[PDB]
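To start, the structure under review is shown below, and the notes come after it.
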Amino acid sequence: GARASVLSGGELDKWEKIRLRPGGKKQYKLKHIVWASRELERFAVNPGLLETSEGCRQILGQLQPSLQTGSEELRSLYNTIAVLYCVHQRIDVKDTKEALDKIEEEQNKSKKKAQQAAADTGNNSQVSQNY
Numbered sequence: 002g003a004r005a006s007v008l009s010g011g012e013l014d015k016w017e018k019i020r021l022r023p024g025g026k027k028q029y030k031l032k033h034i035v036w037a038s039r040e041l042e043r044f045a046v047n048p049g050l051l052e053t054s055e056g057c058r059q060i061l062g063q064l065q066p067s068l069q070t071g072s073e074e075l076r077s078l079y080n081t082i083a084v085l086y087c088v089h090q091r092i093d094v095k096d097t098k099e100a101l102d103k104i105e106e107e108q109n110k111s112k113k114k115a116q117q118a119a120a121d122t123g124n125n126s127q128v129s130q131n132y
């Protein structure tokens, strides 16, 4: 498309502003987007639907667990998706780690919100012992 479907020209220019490594000299680009797209399509995921911050977040959440024991490439893909999502939400980034920490922080906060929320309006209990 004129300005792709995932990210527009400008969005792509910025998307290609994130570094792959903190001590490295790599950055995102249409190449990475194509790679991710290839993996997405190969994973049975729609690329266009990956344009929405929701779809990006969904994928990230889909690999979230796959990360537990995912591959190096799979992990890198997840990070890339996270960055994409950040751009979708209009989040500034510098490195893949930064974006990862950004999403990691947000997510963590989210989980908490869920906890504090439940607690606030809920309850829980437990027990365990043996002599």
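In UniProt numbering, the protein residues as written are 2 to 132. Don't be surprised by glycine CBs; every beta carbon is placed ideally from N, CA and C.
Asked, Found
"What is the rounded straight-line gap between the Cα of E107 and the Cα of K113?", "10 Å"
"Using a Cβ-Cβ cutoff of less than 7 Å, which residues in the same chain neighbour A83 once the five nearest sequence positions on both sides are dropped?", "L61, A100, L101 and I104"
"Quick one: is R39 buried, meaning 16 or more other Cβ sit within 10 Å of its Cβ, or exposed?", "exposed"
"Is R76 helix, strand or coil by DSSP?", "helix"
"Comparing alpha-carbon positions, which option in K98, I92 and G71 lies nearest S54?", "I92"
"Does the Cβ-Cβ distance between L51 and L41 come in under 8 Å?", "yes"
"Quick one, which of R22, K27, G56 and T122 has its alpha-carbon nearest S6's?", "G56"
"Which stretch, first to last residue, makes up the alpha helix (DSSP H) that contains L51?", "Here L51 belongs to no alpha helix (DSSP H), and DSSP marks it neither H nor E."
"Cα separation between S9 and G2?", "9 Å"
"What separation, rounded to the nearest whole angstrom, lies between the Cα atoms of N131 and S67?", "36 Å"
"Would you mind listing the alpha helix (DSSP H) stretches within the UniProt region \"Interaction with Gp41\" (7 to 31) that are 4+ residues and don't spill past its ends, in chain order?", "10 to 16"
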